[PDB]
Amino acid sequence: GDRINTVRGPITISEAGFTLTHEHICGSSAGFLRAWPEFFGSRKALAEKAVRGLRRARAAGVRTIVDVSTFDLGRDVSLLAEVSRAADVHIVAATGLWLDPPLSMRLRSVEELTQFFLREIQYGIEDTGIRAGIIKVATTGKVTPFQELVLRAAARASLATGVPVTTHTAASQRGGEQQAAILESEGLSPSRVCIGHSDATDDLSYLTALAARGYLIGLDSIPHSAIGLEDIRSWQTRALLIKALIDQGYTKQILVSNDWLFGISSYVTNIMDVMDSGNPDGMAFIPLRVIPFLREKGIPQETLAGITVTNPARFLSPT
């Protein structure tokens, strides 16, 4: 496919440019932003903060982000569109389900879920006409029966439309292997799938084996190590996983991001200020800090451009 769905409409592959493949404008819950905007100060304040942040990321070279907020992460695509336009940064929206499905999702069959994901990709999200360009799934180490249904529905929607699938995994339980087995049982190519939060451990055997099968490896939370006052595991250590996979021959399988946001209600109160204090760069942390760090370790310009431009383009191109 020669075009990608964004919250402002379709764009050509070449227009995506430097792309952060796992980000959020807001981390919330379905209906929450509209029912309780003053949780974030106001909707206007949240939008203004997001625009300031996206504009700074753009100044640092970012051209596109993929907002991997699903329905149950409180995705408000109208907000995504507002901020995309004002920051002049492309935003790709997601369908799928994260870890907080309400009853009206949890009690659905695989066939029903498949039709929901297809609606969001092929028709539009809500009444907005904005179409999703990626399918987000989350599991909790040992995949539950419902999460298995979500994975199967995601695979079927991907096979029907060509849009990729991206996952949430938990640290330590090597969640990508369980996810990969289920997705392949549906006939989905690994080249359509990113195993996310893969920078949460240093298990290189796990990462390389997935990469060797053709999975994209989401090293997508690099600055999360900077949130704490003095995290035992540094952001540099997370960033060195990028170099490790390059050195093993898997440059083409790497996707990098911040997994940042501008507001969060899906966590206890006041975490946003801790996050912003630890990583004032926000979404600009990848281009301003991680890229120069890797350059200094001797990774060539061509390799960094391949990771930040070519790999996301190949991933997002409907195939």
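Position 1 is the first residue in the sequence shown; the rest follow in order.
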Between 197 to 205 and 152 to 160, point out the one with the higher average CA B-factor as the PDB entry records it. 197 to 205
Selected stretch [higher average CA B-factor]: 241 to 249 or 67 to 75: 241 to 249
Of the residues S42, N270, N258, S266, the one whose Cα carries the largest B-factor in the deposited record is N270
Going by the CA temperature factor in the entry, name the top one among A47, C26, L288, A35. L288
By its CA B factor, does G282 count among the lowest, middle or highest third of the modelled residues in the chain? middle
Pull the Cα B-factor of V137 out of the PDB entry and bin it into the chain's lowest, middle or highest third. lowest
Grab the CA temperature factor for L20 from the record and place it in the lowest, middle or highest third of its chain. lowest
Where the record places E186 (Cα B-factor, split into thirds across the chain): highest
Looking at the entry's B-factor column for C-alpha atoms only, identify whether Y123 ranks in the lowest, middle or highest third of its chain. middle
